[PDB]
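As given, the protein sequences belong to chains P, E, U and C, one line each in that order. The deposited numbering puts the first sequence at residues 168 to 368. The deposited numbering puts the second sequence at residues 195, 204 to 243. The deposited numbering puts the third sequence at residues 195, 204 to 243. The deposited numbering puts the fourth sequence at residues 437 to 485.
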Amino acid sequence: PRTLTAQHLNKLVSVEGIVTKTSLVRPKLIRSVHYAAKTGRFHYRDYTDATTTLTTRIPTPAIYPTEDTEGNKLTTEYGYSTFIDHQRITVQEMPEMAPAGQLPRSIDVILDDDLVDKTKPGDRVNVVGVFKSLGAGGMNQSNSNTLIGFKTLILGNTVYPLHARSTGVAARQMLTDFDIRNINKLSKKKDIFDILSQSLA
Amino acid sequence: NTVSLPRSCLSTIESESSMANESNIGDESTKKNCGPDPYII
Amino acid sequence: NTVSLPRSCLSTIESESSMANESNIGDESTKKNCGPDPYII
Amino acid sequence: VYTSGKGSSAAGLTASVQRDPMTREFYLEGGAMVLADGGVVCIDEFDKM
């Protein structure tokens, strides 16, 4: 997070750090479904926003429908609509790498759907994603203020927890068949306890 | 039964629903403004 | 190298082409007005 | 870093952890022992701490 600057914008990056604060996992409305009592028909609508696609698109802010095209009333069908999970997290520079006596730097990462609760605060994490900007940095309309800039964040797609000393993430190693054969072989000797004991320190 | 089409969109003054309040704002800080004479027949 | 995005569409003052004059009008009498702050980044 | 037992004025002798005034999160506030990593620490009045 300290060595991530404006020259890396719009490019794919991989950052390391410590998770400091997560957010509540919320649903996002994608498709609504309705019912008309006077006709017996079902209708629907789709919704989108700026963070669901990598390329810029022309906004289409559709409204939530309460009536029919003929004036009849509508009823919401919550069981037939669609919702998607959403979360936002913060990543900071690791305590074992940041300079001493200096205030730290951090960056926000947005996750969606199947990567929504893969870490907890305090973990060492590696996040790969696209460093992207959004909106207008006070350019539209007059907006005399010049102090603020462009809002930026990472649209994440990969999250990897990392194990360290004196941390809450446990180490696990993938076990191959060679390893299993060797372990099950050594299990059959009689001084196995002695060998395993003399190996410590 | 001189009627004219509305000069402004009527989805703001008409508080249709609670989610209609959500739908009338999106994409960060920018306000929603449909423009002058937004209706078609 | 306070710059702001244009307040109006620039396709009218910029007379790009002869067919660009045709493209800036259509569908009977209604004038073409893109609106306030029509540009996006 | 040259210091005594009990540190210096407004400067501790060992690592201190504090919360960031604005972001309200942890960082190493200071501490001569870590500030001098890779160097030498000179302690005076070692018997008082």
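We put the beta carbon where it would ideally sit given N, CA and C, even for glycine.
Inter-residue spacing [alpha-carbon to alpha-carbon] between residue i and residue j
i, j, result
"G238 of chain P", "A229 of chain P", "18 Å"
"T249 of chain P", "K233 of chain E", "26 Å"
"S219 of chain U", "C211 of chain U", "16 Å"
"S452 of chain C", "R255 of chain P", "30 Å"
"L322 of chain P", "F298 of chain P", "7 Å"
"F317 of chain P", "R169 of chain P", "18 Å"
"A303 of chain P", "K442 of chain C", "52 Å"
"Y438 of chain C", "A468 of chain C", "9 Å"
"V326 of chain P", "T187 of chain P", "15 Å"
"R198 of chain P", "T242 of chain P", "14 Å"
"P238 of chain E", "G268 of chain P", "57 Å"
"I215 of chain U", "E224 of chain U", "14 Å"
"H201 of chain P", "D284 of chain P", "31 Å"
"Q308 of chain P", "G466 of chain C", "45 Å"
"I243 of chain U", "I227 of chain E", "19 Å"
"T219 of chain P", "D275 of chain P", "16 Å"
"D473 of chain C", "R209 of chain U", "57 Å"
"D229 of chain U", "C236 of chain E", "20 Å"
"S217 of chain U", "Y241 of chain U", "18 Å"
"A173 of chain P", "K205 of chain P", "57 Å"
"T233 of chain P", "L196 of chain P", "16 Å"
"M306 of chain P", "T257 of chain P", "27 Å"
"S364 of chain P", "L353 of chain P", "14 Å"
"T204 of chain U", "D279 of chain P", "37 Å"
"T189 of chain P", "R460 of chain C", "14 Å"
"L342 of chain P", "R348 of chain P", "10 Å"
"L176 of chain P", "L471 of chain C", "34 Å"
"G475 of chain C", "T222 of chain P", "51 Å"
"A203 of chain P", "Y245 of chain P", "14 Å"
"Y247 of chain P", "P194 of chain P", "15 Å"
"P226 of chain P", "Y463 of chain C", "41 Å"
"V295 of chain P", "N324 of chain P", "6 Å"
"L320 of chain P", "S300 of chain P", "7 Å"
"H253 of chain P", "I277 of chain P", "8 Å"
"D216 of chain P", "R272 of chain P", "28 Å"
"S445 of chain C", "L282 of chain P", "48 Å"
"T450 of chain C", "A265 of chain P", "17 Å"
"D358 of chain P", "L171 of chain P", "54 Å"
"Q340 of chain P", "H330 of chain P", "11 Å"
Chain P residues whose Cβ lies nearer than 9 Å to that of residue i
i, result
"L212 of chain U", "Within 9 Å Cβ-Cβ: nothing; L212 of chain U doesn't reach chain P, min ~15 Å."
Beta-carbon neighbours of residue i, restricted to chain U and to distances below 9 Å
i, result
"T313 of chain P", "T204"
Where residue i meets chain C, residues with beta-carbon distance less than 8 Å
i, result
"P168 of chain P", "By Cβ distance, chain C contributes nothing, its closest Cβ being about 12 Å from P168 of chain P, past 8 Å."
"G268 of chain P", "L464, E465, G466 and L471"
"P262 of chain P", "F462, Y463 and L464"
The ligand MN heavy atom lying under 6 Å from the CB of residue i
i, result
"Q454 of chain C", "The model on display carries no ligand, and the ligand MN is accordingly not part of it."
Chain B within 7 Å of residue i, Cβ atoms only
i, result
"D239 of chain E", "Going by chain labels, chain B is absent from the structure shown, which instead holds the protein chains P, E, U and C."
Beta-carbon neighbours of residue i, restricted to chain P and to distances below 8 Å
i, result
"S219 of chain E", "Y231 and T233"
Name the residues in the segment 213-237 of chain P whose C-beta lies less than 7 Å from a C-beta of chain E; which are they? Answer in chain order: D216, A217, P226, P228, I230, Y231 and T233.
The segment 282-298 of chain P touching the segment 330-342 of chain P, judged by at least three CB pairs closer than 8 Å: In short, these stretches touch, since the Cβ pair count reaches three.
Taking a cut of 7 Å between CB atoms, which residues from the segment 279-308 of chain P lie near chain U? From the segment 279-308 of chain P, only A303, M306, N307 and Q308 have a Cβ closer than 7 Å to chain U.
Can you check the segment 188-262 of chain P for any beta strand (DSSP E) of at least 3 residues that lies completely inside it and give the ranges in chain order? DSSP runs (the beta strand (DSSP E)) wholly in the segment 188-262 of chain P: 193-202, 209-213 and 249-259.
Kindly confirm or deny that the segment 177-187 of chain P and the segment 258-269 of chain P touch, where touching means at least three C-beta pairs closer than 8 Å. At 8 Å Cβ cutoff, the stretches touch.
Three or more beta-carbon pairs under 8 Å between the segment 312-328 of chain P and the segment 196-212 of chain P, yes or no? Per the Cβ contact rule, the segment 312-328 of chain P is not in contact with the segment 196-212 of chain P (fewer than 3 Cβ pairs under 8 Å).
Which residues, taken in chain order from the segment 186-198 of chain P, show a beta carbon closer than 9 Å to some beta carbon of chain C? The segment 186-198 of chain P vs chain C, Cβ under 9 Å: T187 and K188.
Could you run through the segment 437-457 of chain C and flag, in chain order, every residue whose CB is less than 7 Å away from some CB of chain P? Taken in chain order, the members of the segment 437-457 of chain C whose beta-carbon sits within less than 7 Å of a beta-carbon on chain P are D456.
What residue ranges within the segment 275-355 of chain P form continuous beta strand (DSSP E) runs of no fewer than 3 residues, ordered along the chain? Entirely contained in the segment 275-355 of chain P, the beta strand (DSSP E) runs reaching 3 residues are, in chain order, 291-301 and 318-329.
Give the list of continuous alpha helix (DSSP H) stretches no shorter than 4 residues that lie fully inside the segment 459-483 of chain C. Listed in chain order, they are 468-471.
What alpha helix (DSSP H) runs, 4 residues minimum, are completely inside the segment 204-234 of chain E? Here the runs fully enclosed are 220-225.
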